[PDB]
Amino acid sequence: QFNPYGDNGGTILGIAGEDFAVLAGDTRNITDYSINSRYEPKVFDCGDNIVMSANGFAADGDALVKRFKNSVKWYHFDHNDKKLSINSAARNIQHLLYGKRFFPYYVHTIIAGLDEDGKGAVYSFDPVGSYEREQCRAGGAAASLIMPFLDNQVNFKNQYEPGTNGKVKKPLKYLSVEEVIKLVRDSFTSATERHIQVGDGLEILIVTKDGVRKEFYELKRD
Amino acid sequence: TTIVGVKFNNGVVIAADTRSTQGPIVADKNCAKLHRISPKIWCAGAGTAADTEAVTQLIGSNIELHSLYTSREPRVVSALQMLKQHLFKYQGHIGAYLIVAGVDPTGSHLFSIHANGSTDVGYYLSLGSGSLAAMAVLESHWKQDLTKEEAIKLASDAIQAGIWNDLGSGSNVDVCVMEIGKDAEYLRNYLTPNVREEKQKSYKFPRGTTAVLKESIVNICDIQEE
Amino acid sequence: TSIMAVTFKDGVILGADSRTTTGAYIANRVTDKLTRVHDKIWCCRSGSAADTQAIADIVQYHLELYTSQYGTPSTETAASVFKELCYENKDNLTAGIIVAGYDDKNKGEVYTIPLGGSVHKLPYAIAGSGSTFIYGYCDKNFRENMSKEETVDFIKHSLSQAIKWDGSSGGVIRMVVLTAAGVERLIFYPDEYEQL
Amino acid sequence: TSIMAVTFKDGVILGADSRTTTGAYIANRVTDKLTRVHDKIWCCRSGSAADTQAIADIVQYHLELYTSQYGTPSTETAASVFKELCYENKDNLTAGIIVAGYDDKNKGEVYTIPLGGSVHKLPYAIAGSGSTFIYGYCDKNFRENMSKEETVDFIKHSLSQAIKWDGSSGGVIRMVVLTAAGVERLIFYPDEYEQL
Amino acid sequence: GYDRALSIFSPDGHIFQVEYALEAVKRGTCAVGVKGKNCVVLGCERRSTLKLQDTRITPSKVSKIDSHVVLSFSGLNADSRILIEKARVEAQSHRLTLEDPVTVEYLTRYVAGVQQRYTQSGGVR
Amino acid sequence: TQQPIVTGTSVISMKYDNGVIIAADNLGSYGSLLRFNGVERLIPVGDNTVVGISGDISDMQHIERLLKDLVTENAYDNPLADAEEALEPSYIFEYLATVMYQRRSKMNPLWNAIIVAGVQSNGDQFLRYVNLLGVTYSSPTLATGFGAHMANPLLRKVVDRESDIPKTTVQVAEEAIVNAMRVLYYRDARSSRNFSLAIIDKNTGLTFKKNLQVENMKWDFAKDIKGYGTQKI
Amino acid sequence: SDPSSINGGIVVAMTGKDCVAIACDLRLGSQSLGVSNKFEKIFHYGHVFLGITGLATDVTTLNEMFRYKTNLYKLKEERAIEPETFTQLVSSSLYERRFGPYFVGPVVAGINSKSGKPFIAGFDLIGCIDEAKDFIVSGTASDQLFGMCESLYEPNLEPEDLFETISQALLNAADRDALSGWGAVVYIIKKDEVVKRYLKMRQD
Amino acid sequence: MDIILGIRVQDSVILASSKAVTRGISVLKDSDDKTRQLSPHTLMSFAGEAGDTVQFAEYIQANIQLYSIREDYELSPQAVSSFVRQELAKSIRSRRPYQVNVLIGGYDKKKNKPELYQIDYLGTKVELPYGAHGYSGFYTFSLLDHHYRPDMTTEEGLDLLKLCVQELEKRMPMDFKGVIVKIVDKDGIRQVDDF
Amino acid sequence: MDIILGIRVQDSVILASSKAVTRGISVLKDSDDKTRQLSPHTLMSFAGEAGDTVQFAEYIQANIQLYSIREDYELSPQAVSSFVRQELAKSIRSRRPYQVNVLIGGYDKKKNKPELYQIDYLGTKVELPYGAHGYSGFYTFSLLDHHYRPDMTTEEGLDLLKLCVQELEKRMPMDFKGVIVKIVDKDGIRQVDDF
Amino acid sequence: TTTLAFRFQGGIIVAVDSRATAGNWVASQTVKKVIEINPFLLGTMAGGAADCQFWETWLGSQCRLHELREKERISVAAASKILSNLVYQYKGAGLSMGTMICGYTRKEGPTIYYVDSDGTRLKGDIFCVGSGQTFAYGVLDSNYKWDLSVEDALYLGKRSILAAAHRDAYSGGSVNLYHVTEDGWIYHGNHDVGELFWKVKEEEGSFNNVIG
Ligand SMILES: [Mg+2]
Ligand SMILES: [Mg+2]
Ligand SMILES: [Mg+2]
């Protein structure tokens with residue numbers, strides 16, 4: 001019997017800062033125990049200061065990103081070159097996903113950018129289109145390895161101020177872009193050590209008011 | 001798992017990677033897959049890790065008793081025969097896939113063993129999920145009359161192929177060289193090409209960070225005098 | 001597997017390819033499928049490698065113990081021991097074995113034991129996945145009382161075709177000659193038999 | 001089924017057994033498996049009898065309509081029409097067809113269309129359950145540019161062996177010769193081909 | 001297993017091992033039973049050759065088989081424990097299957113049956 | 001939904017300093033039966049692209065007809081059909097990738113794995129993969145089926161990352177490809193000795209080599225191998 | 001249906017400078033239903049500590065079994081069992097049930113009383129030994145624990161620093177697992193003093 | 001069978017068990033007592049597969065009664081619960097396991113403390129202030145989590161138990177025909193005949 | 001849903017229907033009215049699969065109300081029951097059939113006779129003196145076979161109905177939370193608010 | 001998941017937890033399970049997250065079109081029936097929903113409809129849906145009165161979710177409160193269950209089984 005779905009592995013991570021946002025993902029593509037590619041880009045600049053990744057079954061992932069990029073193009077045509085805001089992009093992606101409710105895109109989607117007040121924004125989707133604005137979200141193979149670490153080091157969960165013994169929480173002070181990138185790199189370095197599908201390389205796309213910048217870092221290739 | 005065995009001039013060499021997995025998760029990053037059956041008979045195991053360790057120790061134990069009974073140094077063919085008959089009886093349910101190598105008064109030997117009891121003979125062999133990557137290297141560079149240095153090089157290169165290309169294999173290369181008329185030399189972590197880079201940040205917490213309800217001394221000592 | 005045994009004027013010759021397979025991966029390209037259970041009683045193995053190795057080891061043990069008590073066993077006796085193991089354990093075994101041997105009284109004999117555990121004495125026998133493709137060729141080309149050179153050619157040509165069409169078969173062609181003169185091993189490489 | 005088609009110096013000859021089977025019962029022992037889709041384009045049928053009859057009837061219709069508009073079709077064209085039906089309806093068909101024909105420009109040609117619906121132009125082709133047993137024999141005995149008498153002997157001997165080993169095959173050996181001279185039907189009975 | 005016939009007939013029709021078992025009973029401390037109109041009393045002798053005994057913990061001569069039946073004995077002390085244990089197990093088995101405690105006659109008939117069995121079974125005294 | 005009937009095995013490929021190389025054997029299997037021995041599985045499109053196909057042969061022949069029709073269609077009303085508006089490797093791949101994903105989405109796939117190799121207008125090397133599921137990816141080396149497990153490890157020792165491509169000559173690359181084909185013949189039960197090889201270079205164009213054979217094979221060591229454990233004779 | 005995730009729970013162990021630490025959650029459940037918040041999963045036989053995750057009936061059974069065996073060991077050997085030796089006994093005992101196994105994930109922690117060397121080890125349900133230098137994890141949130149330990153851990157931590165590291169590793173892992181939590185315990189083990197600390201955590 | 005509840009208060013343990021027995025289509029009985037007295041100060045309630053429940057309970061009862069006679073001593077509730085756990089842990093890897101869940105309510109005369117043990121058919125034991133088996137806990141535990149105090153009287157425990165049964169009678173689809181309630185304290189075991 | 005009963009007496013038809021709605025584990029409601037008025041002198045009760053029951057009932061109601069307006073005339077109970085049967089007989093060979101069983105109680109103003117029709121989801125129609133769907137008949141029919149008379153008053157019918165419900169509450173495993181009872185006679189439809 | 005809604009003197013209280021799971025893995029602790037259909041109507045999320053999100057914001061669009069066409073606020077009866085009729089069309093295809101459509105209009109007063117993906121549409125006073133529904137029902141049934149104050153009703157809803165969050169493994173994170181009046185709904189904050197549990201334990205004296 002023919003199985004229309006597959007699993008290409010991969011892990012992605014989106015974090016929203018005060019006036020910035022990052023969307024990171026490893027560059028390794030796999031099936032079963034084989035490596036297809038050590039560098040296959042997974043996070044994409046979609047225009048209008050929006051970055052996107054659809055992790056899971058790569059054929060469905062490429063199809064969805066392609067259709068959204070297309071949706072941005074036609075939004076400009078139909079609405080006098082108006083900039084597609086991150087919230088509007090999110091609602092649009094829901095309709096793209098739910099359109100195939102009974103034969104779903106087998107992917108976990110994350111987009112990142114800035115909201116209309118200039119503040120950092122990340123949105124997260126399930127395969128059939130349910131979505132949420134979030135501060136911090138990992139997706140894919142090693143998501144379960146990364147999220148607990150982020151709860152602890154970004155949101156300071158289970159951390160209290162010394163001397164008070166549980167009475168006063170550690171205050172949630174804002175993180176710089178340099179600080180976030182440090183946590184992203186350590187998240188993927190740790191995931192690479194313990195998950196077989198994570199490795200080869202890490203590509204990070206940073207979004208500010210100035211535009212979209214890229215950073216690349218090597219990961220272990222075993 | 002990637003394991004290989006290579007014959008050379010005056011002996012035989014076996015090698016293995018050091019990754020053990022639970023599905024897609026790496027359980028141990030520096031696992032020891034080279035097992036000793038007797039001082040100069042070593043084997044490497046793939047498949048169910050407990051089975052390869054258990055079947056090695058059972059036969060290794062019985063081999064030692066046999067050696068004492070007969071006043072002779074153990075033979076590789078004895079280890080092979082005892083391993084295959086044990087595995088055949090359990091009809092494949094004991095998931096042990098082994099490459100058995102060693103030196104004895106008869107000479108140097110290299111065999112492999114599938115979990116259902118089938119054995120084969122060869123000058124170069126590979127087993128495990130990375131066996132195809134390893135065998136590709138072996139089929140490209142193997143020749144007759146290899147030296148000790150050449151065989152160690154070829155064996156580790158075959159494991160590296162598994163490390164880099166097979167997701168089931170990784171970390172380090174372990175080697176064991178068994179030469180005729182010499183002690184077997186076990187080279188643990190012969191290659192270390194996968195050290196983790198320094199982290200960007202220290203995650204040492206301030207003391208008093210964790211909330212505590214109760215503290216108490218645990219009595220690990222026995223009942224006291226007086 | 002492509003295996004066969006052929007009786008001729010001076011005795012019998014066994015032939016085999018050298019491929020062992022787990023799926024499409026060739027787990028061993030230089031396998032020895034011609035197995036010795038007694039000095040001049042050998043067999044060809046097909047089916048599960050575990051099963052046929054286990055059976056052959058037990059038969060070798062049985063014939064070694066027979067020899068110590070009653071002297072050299074006949075080829076018929078060796079075939080019977082194979083049959084007993086294959087018939088009584090038919091539910092749990094996947095083995096197709098050809099038994100070939102040389103007596104001085106009976107000369108060359110061939111017995112084939114298929115899956116069920118039945119015995120069939122024949123002038124020659126073919127077995128293994130590759131044998132299907134050479135039933136026509138072998139039936140047309142076999143003659144009784146051939147010479148050693150003719151029999152080697154018959155087996156070489158037959159297994160060449162079996163290898164050509166069966167993906168499960170390949171590598172070198174191994175042969176073992178059983179006569180009054182003794183036991184001779186032969187090997188033929190791809191560059192030789194592919195151009196036939 | 002044991003069917004084959006062989007090109008030779010003067011054209012092409014098609015051959016077939018005459019056995020149709022529903023299980024172990026021979027539902028027809030005198031079947032005609034050599035089918036005419038055009039004057040000098042015939043085919044050999046194997047697989048489901050319903051399917052291959054339905055396909056052949058449609059092809060005959062297509063080539064009759066082709067002829068009325070564009071003149072005599074090539075053998076390649078006939079093979080393409082067979083392929084189109086076999087490929088596009090692969091999910092619902094069980095058909096293995098060999099197409100053979102004679103042009104004056106192209107002379108004798110043979111195309112084989114296996115289960116998937118692929119096309120393969122060959123000097124000769126074999127198909128049906130009985131073909132497995134004669135891959136070795138046919139590969140060793142086929143030569144290009146044989147005479148009519150040699151080709152008849154090659155097909156007679158080949159299908160004789162296929163019938164001998166395949167229970168699904170049997171009865172008479174039918175043949176159809178396609179040359180510039182015309183169309184000749186041949187039949188060979190058991191008492192003739194069994195003693196070969 | 002050890003199968004030797006230890007209890008056998010003699011020419012005069014006696015089984016000596018059974019008769020010698022009675023001699024062991026003759027040696028044991030005296031036990032007495034008396035039934036009144038609405039009670040039964042069991043009396044037992046304690047030999048005073050053993051002082052410095054701890055009477056709290058020393059095995060008592062009368063044993064409850066159930067809450068309503070008791071057993072006393074004369075003879076080998078170690079042997080009596082085996083009969084007492086078997087009787088206690090049977091008492092609970094009877095309650096479990098019949099849903100009624102044993103009658104005194106039934107419990108007696110069981111213990112007596114065990115004793116008889118050990119007079120014509122191989123390998124036992 | 002179907003099952004593949006007549007099938008083709010591995011296709012292998014890699015990049016080098018001035019272009020790309022691709023190879024595949026000439027066998028059409030019918031299960032374990034090695035039925036058809038003269039099947040060409042590398043199909044050139046123009047003078048800048050070669051498409052290598054594995055899997056179902058009937059579906060391969062269909063794809064071959066689609067590519068033939070694509071060349072015809074591109075030439076229609078196109079004065080620059082042999083110049084600026086010729087078919088690029090990237091155009092041919094994207095078209096195939098579209099078809100493969102559409103067919104899997106109707107639950108009626110073309111049961112193949114495909115590698116498109118070529119050189120673009122600006123001289124850039126093109127090498128990308130697509131299969132029955134519509135999955136696509138690029139890498140300095142690419143291989144299908146068994147080739148993925150055995151050829152890639154060998155080819156990756158020559159070009160391990162992007163920066164190794166300018167340091168790799170056409171002689172070194174072809175040598176590596178030919179050796180990989182030999183290894184596959186040793187170890188894949190559905191492979192043949194006969195194969196085809198194609199080189200697409202930005203300077204010397206398309207070189208298509210037919211009727212190549214696996215040579216320099218090691219078999220002599222087989223004579224010393226006896227029994228399966230204890231047998232000496 | 002899956003025996004290893006009916007009841008839920010986790011265990012983690014770590015090494016430091018002249019010390020070891022072992023910790024566990026306190027939950028026992030019947031799938032979605034929380035049943036007990038006082039089900040401790042760490043036991044000790046002399047100075048050797050054993051944590052066990054998995055099917056709770058087997059957790060209790062194995063504790064009783066190893067208490068049985070280490071008590072007979074001590075009577076015959078006239079000394080307390082060491083971590084290295086006990087590790088082999090756990091492995092042997094699990095493998096004897098190869099084809100009808102206890103559905104558990106044991107973890108051993110302790111300091112050798114003669115060499116002073118810190119020791120930890122882990123097992124699968126059938127006996128395979130994982131002897132890591134750094135840390136061992138087990139239970140229904142083992143993935144989460146691997147992620148925490150891999151980033152938070154550094155070698156040669158002092159006892160009071162190691163406490164903070166292992167505590168944060170457990171807590172944050174448990175909060176990402178539905179079947180773990182409802183309290184937690186941490187053991188800090190030195191050559192001749194052991195401190196036990198109950199942690200304050202969310203109760204959902 | 002269906003619903004079995006338990007609550008440990010200051011000085012006693014209270015067990016409540018449903019009265020219905022259902023053979024598929026019909027309710028065959030509405031007065032069934034799903035409990036056995038193991039010893040004068042230890043009571044066990046049970047629920048699970050038909051037949052196995054009573055067979056297991058009576059088997060345990062027989063064994064504890066045998067121990068009591070042999071030693072002339074009542075085992076502690078903790079000791080009885082451990083014996084029961086081992087029997088079920090043995091049973092789960094048998095040819096045909098006992099499909100029986102139990103609650104053991106006992107008053108320890110040595111420590112002068114009430115004790116409640118919950119054990120399922122796998123041999124999973126926990127000591128609790130209050131417990132249940134099946135779906136009973138899903139309806140009742142939120143009420144017990146709110147109102148329970150360790151220093152409650154027996155009368156306050158019965159009132160909290162009534163609130164639990166009322167919630168069961170409201171939201172459960174099955175008619176379990178009320179409950180039989182029994183109290184275990186220093187004076188032994190007694191049945192509340194009006195509930 | 002669960003229990004629906006009907007009885008035709010001298011001068012009226014009485015329909016009784018349970019109040020419970022259960023969604024698997026919990027009883028979500030205990031006051032549900034499983035009936036729809038099709039016309040002033042025709043009432044239909046219903047039971048079957050969730051959602052389909054109300055969807056079908058309201059669909060029938062809409063159609064009969066449409067007929068009433070178009071012709072300014074009330075269809076006879078016989079005519080309404082035939083329309084309903086045809087809809088269900090059509091439904092049973094559809095892509096997704098209505099899984100709904102109904103009772104139709106009506107008073108024919110032309111013949112001055114009460115009439116009760118029983119129709120299952122297949123479209124199986126029978127006119128009866130008394131009827132039920134599901135397991136309801138298994139418990140109640142032996143009582144109705146004994147006590148029923150064609151000349152019974154409405155009050156006698158209600159009393160015989162009470163005896164039927166009491167037997168259901170005794171022997172049925174499910175708690176159906178009582179019944180809503182409605183009477184159909186020459187004056188129309190009314191609900192008995194104390195039962 | 002645990003979601004509830006109940007009618008009382010002062011309108012409707014809606015209370016939900018915040019947890020989303022994929023097997024044993026906790027995907028999110030910050031899920032919004034109350035869908036703001038419009039300023040006057042609320043819907044709860046249970047079963048399929050996408051099915052509930054998608055079709056209840058769609059419902060908001062249909063409600064907006066109704067009031068544009070009819071120049072009048074849509075009734076809760078009409079709004080709930082648009083959703084139930086829509087999901088009934090999809091019956092068999094595999095939609096997963098269990099929701100409470102909540103509103104307060106002039107003609108109806110406070111109204112709650114339970115709507116189900118198998119077509120069920122029930123009007124009622126108290127509804128509770130999810131894996132922790134049974135726990136929340138217990139607290140609701142024993143403390144509910146029509147004459148509750150807005151302050152006490154808000155707490156009762158908060159306390160009932162806490163009860164479920166404690167016992168049900170698949171419920172937790174935080175509690176979201178809403179109060180629905182005739183003039184629209186009012187949001188009453190996000191309450192972390194971790195902090196809320198300890199606060200309620202101390203102030204109420206409940207959860208004596210838990211050490212704090
Ligand atoms: Mg690797
Ligand atoms: Mg025949
Ligand atoms: Mg919870």
# chains A, B, ... in the order shown; residues from 1 in each chain; ligands from 1
$ residues_near_ligand --ligand "ligand 1" --cutoff "10 Å" --atoms "only C-alpha atoms and all ligand atoms" --output "ChimeraX atom specification"
/A:33-35,196-197,199,220-222 /B:1-2,17,19,129-130,159-171
$ residues_around --residues "residue 190 (chain C)" --least-positions-apart "6" --cutoff "10 Å" --atoms "only C-alpha atoms" --output "JSON, numbers by chain"
{"C": [160, 170, 171, 172, 173], "F": [217, 219]}
$ residues_around --residues "region 132-146 of chain C" --least-positions-apart "2" --cutoff "10 Å" --atoms "only C-alpha atoms" --output "PyMOL selection string"
(chain C and resi 2+6-11+123-130+148-152+154-155+157-166) or (chain D and resi 131-141+157-165+196) or (chain F and resi 33)
$ residues_near_ligand --ligand "ligand 3" --cutoff "10 Å" --atoms "only C-alpha atoms and all ligand atoms" --output "PyMOL selection string"
(chain G and resi 32-34+175+177-182+202-204) or (chain J and resi 1+17+19+132+162-173+193)
$ write_last_selection --atoms "N, CA and C atoms" --output "JSON list (two decimals), in the first residue's frame"
[["chain", "number", "residue", "atom", "x", "y", "z"],
["G", 32, "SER", "N", -4.24, 9.16, 33.18],
["G", 32, "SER", "CA", -4.53, 10.58, 33.40],
["G", 32, "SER", "C", -4.77, 10.92, 34.88],
["G", 33, "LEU", "N", -5.28, 9.95, 35.64],
["G", 33, "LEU", "CA", -5.61, 10.15, 37.05],
["G", 33, "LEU", "C", -4.35, 10.14, 37.92],
["G", 34, "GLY", "N", -4.13, 11.23, 38.65],
["G", 34, "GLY", "CA", -3.08, 11.27, 39.68],
["G", 34, "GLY", "C", -3.57, 10.55, 40.92],
["G", 175, "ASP", "N", 8.09, 19.56, 34.41],
["G", 175, "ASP", "CA", 7.04, 20.51, 34.05],
["G", 175, "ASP", "C", 6.66, 20.44, 32.56],
["G", 177, "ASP", "N", 6.28, 17.35, 31.21],
["G", 177, "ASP", "CA", 5.74, 15.99, 31.13],
["G", 177, "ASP", "C", 4.46, 15.88, 31.96],
["G", 178, "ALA", "N", 3.39, 15.42, 31.32],
["G", 178, "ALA", "CA", 2.08, 15.29, 31.97],
["G", 178, "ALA", "C", 2.09, 14.27, 33.10],
["G", 179, "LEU", "N", 2.86, 13.20, 32.94],
["G", 179, "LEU", "CA", 2.88, 12.09, 33.90],
["G", 179, "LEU", "C", 4.00, 12.17, 34.95],
["G", 180, "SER", "N", 4.70, 13.30, 35.02],
["G", 180, "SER", "CA", 5.73, 13.53, 36.04],
["G", 180, "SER", "C", 5.46, 14.81, 36.83],
["G", 181, "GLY", "N", 5.95, 14.84, 38.07],
["G", 181, "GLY", "CA", 5.80, 16.00, 38.94],
["G", 181, "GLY", "C", 5.22, 15.64, 40.30],
["G", 182, "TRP", "N", 4.31, 16.48, 40.79],
["G", 182, "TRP", "CA", 3.64, 16.27, 42.09],
["G", 182, "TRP", "C", 4.63, 16.14, 43.26],
["G", 202, "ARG", "N", 5.35, 23.22, 41.29],
["G", 202, "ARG", "CA", 3.94, 23.29, 40.90],
["G", 202, "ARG", "C", 3.26, 21.92, 40.99],
["G", 203, "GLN", "N", 1.99, 21.91, 41.40],
["G", 203, "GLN", "CA", 1.26, 20.68, 41.70],
["G", 203, "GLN", "C", 0.17, 20.35, 40.68],
["G", 204, "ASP", "N", 0.44, 20.64, 39.41],
["G", 204, "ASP", "CA", -0.47, 20.29, 38.31],
["G", 204, "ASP", "C", 0.22, 19.36, 37.31],
["J", 1, "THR", "N", -7.18, 18.84, 28.93],
["J", 1, "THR", "CA", -8.13, 19.98, 28.79],
["J", 1, "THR", "C", -9.24, 19.94, 29.83],
["J", 17, "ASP", "N", -8.60, 25.87, 31.44],
["J", 17, "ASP", "CA", -7.17, 25.68, 31.68],
["J", 17, "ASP", "C", -6.40, 26.10, 30.42],
["J", 19, "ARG", "N", -3.45, 24.05, 29.04],
["J", 19, "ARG", "CA", -2.46, 23.03, 28.65],
["J", 19, "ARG", "C", -2.81, 22.31, 27.34],
["J", 132, "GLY", "N", -10.52, 16.55, 32.13],
["J", 132, "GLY", "CA", -10.70, 16.82, 33.55],
["J", 132, "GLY", "C", -12.10, 17.27, 33.94],
["J", 162, "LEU", "N", -8.89, 24.60, 38.92],
["J", 162, "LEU", "CA", -7.76, 24.23, 39.78],
["J", 162, "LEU", "C", -7.87, 22.77, 40.24],
["J", 163, "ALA", "N", -9.08, 22.36, 40.63],
["J", 163, "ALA", "CA", -9.34, 20.99, 41.05],
["J", 163, "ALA", "C", -8.98, 19.99, 39.95],
["J", 164, "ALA", "N", -9.38, 20.31, 38.72],
["J", 164, "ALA", "CA", -9.07, 19.48, 37.55],
["J", 164, "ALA", "C", -7.59, 19.51, 37.20],
["J", 165, "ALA", "N", -7.00, 20.71, 37.22],
["J", 165, "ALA", "CA", -5.58, 20.89, 36.93],
["J", 165, "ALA", "C", -4.69, 20.07, 37.86],
["J", 166, "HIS", "N", -5.10, 19.96, 39.12],
["J", 166, "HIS", "CA", -4.37, 19.19, 40.12],
["J", 166, "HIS", "C", -4.40, 17.68, 39.82],
["J", 167, "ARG", "N", -5.59, 17.14, 39.58],
["J", 167, "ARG", "CA", -5.76, 15.69, 39.43],
["J", 167, "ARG", "C", -5.54, 15.18, 38.00],
["J", 168, "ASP", "N", -6.07, 15.89, 37.01],
["J", 168, "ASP", "CA", -5.93, 15.47, 35.61],
["J", 168, "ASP", "C", -4.54, 15.84, 35.09],
["J", 169, "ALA", "N", -3.81, 14.83, 34.62],
["J", 169, "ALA", "CA", -2.45, 15.01, 34.10],
["J", 169, "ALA", "C", -2.41, 15.92, 32.87],
["J", 170, "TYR", "N", -3.48, 15.89, 32.07],
["J", 170, "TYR", "CA", -3.54, 16.63, 30.81],
["J", 170, "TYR", "C", -4.19, 18.01, 30.93],
["J", 171, "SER", "N", -4.43, 18.46, 32.17],
["J", 171, "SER", "CA", -4.91, 19.82, 32.43],
["J", 171, "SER", "C", -3.92, 20.58, 33.31],
["J", 172, "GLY", "N", -3.79, 21.88, 33.07],
["J", 172, "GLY", "CA", -2.90, 22.72, 33.88],
["J", 172, "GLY", "C", -2.39, 23.96, 33.17],
["J", 173, "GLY", "N", -1.26, 24.47, 33.64],
["J", 173, "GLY", "CA", -0.63, 25.68, 33.10],
["J", 173, "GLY", "C", -1.12, 26.93, 33.79],
["J", 193, "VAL", "N", -1.32, 28.33, 37.52],
["J", 193, "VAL", "CA", -1.81, 27.28, 38.42],
["J", 193, "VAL", "C", -0.79, 26.99, 39.53]]
$ residues_around --residues "residue 88 (chain C)" --least-positions-apart "6" --cutoff "12 Å" --atoms "only C-alpha atoms" --output "ChimeraX atom specification"
/C:80-82,115-118
$ write_last_selection --atoms "N, CA, C and O atoms" --output "CSV table (one decimal), in the first residue's frame"
chain,number,residue,atom,x,y,z
C,80,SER,N,19.8,-40.2,4.2
C,80,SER,CA,18.8,-40.6,5.2
C,80,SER,C,18.9,-39.8,6.4
C,80,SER,O,17.8,-39.4,7.0
C,81,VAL,N,20.1,-39.5,6.9
C,81,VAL,CA,20.3,-38.7,8.1
C,81,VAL,C,19.8,-37.2,7.9
C,81,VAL,O,19.2,-36.6,8.7
C,82,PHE,N,20.2,-36.7,6.7
C,82,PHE,CA,19.7,-35.4,6.3
C,82,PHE,C,18.1,-35.4,6.2
C,82,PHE,O,17.5,-34.4,6.7
C,115,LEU,N,12.1,-29.0,0.2
C,115,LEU,CA,11.5,-28.4,1.4
C,115,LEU,C,10.8,-29.4,2.4
C,115,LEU,O,11.0,-29.4,3.6
C,116,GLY,N,9.9,-30.2,1.8
C,116,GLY,CA,9.1,-31.1,2.6
C,116,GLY,C,9.9,-32.1,3.4
C,116,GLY,O,9.4,-32.6,4.5
C,117,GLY,N,11.1,-32.5,2.9
C,117,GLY,CA,11.9,-33.5,3.6
C,117,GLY,C,11.8,-34.9,2.9
C,117,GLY,O,12.2,-35.9,3.5
C,118,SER,N,11.3,-34.9,1.6
C,118,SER,CA,11.3,-36.1,0.8
C,118,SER,C,12.7,-36.3,0.3
C,118,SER,O,13.5,-35.4,0.2
$ atom_distance --atom1 "CA of residue 180 (chain J)" --atom2 "CA of residue 150 (chain J)"
10.3 Å
$ residues_around --residues "residue 73 (chain D)" --least-positions-apart "2" --cutoff "10 Å" --atoms "only C-alpha atoms" --output "short mmCIF file (atom, residue, chain, number, x, y, z; two decimals) with C-alpha atoms, in the first residue's frame"
data_model
loop_
_atom_site.label_atom_id
_atom_site.label_comp_id
_atom_site.auth_asym_id
_atom_site.auth_seq_id
_atom_site.Cartn_x
_atom_site.Cartn_y
_atom_site.Cartn_z
CA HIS D 38 -3.63 -6.52 -38.21
CA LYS D 40 0.91 -8.79 -40.49
CA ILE D 41 0.86 -7.58 -36.87
CA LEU D 63 -5.49 -0.24 -36.03
CA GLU D 64 -8.49 -0.81 -38.33
CA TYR D 66 -5.74 3.92 -38.30
CA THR D 67 -5.54 1.97 -41.58
CA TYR D 70 -3.33 6.77 -42.63
CA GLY D 71 -2.62 3.40 -44.31
CA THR D 75 4.75 -2.53 -35.61
CA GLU D 76 6.09 0.25 -33.34
CA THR D 77 2.73 2.03 -33.65
CA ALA D 78 0.84 -1.17 -32.73
CA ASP D 103 7.05 -4.31 -42.37
#
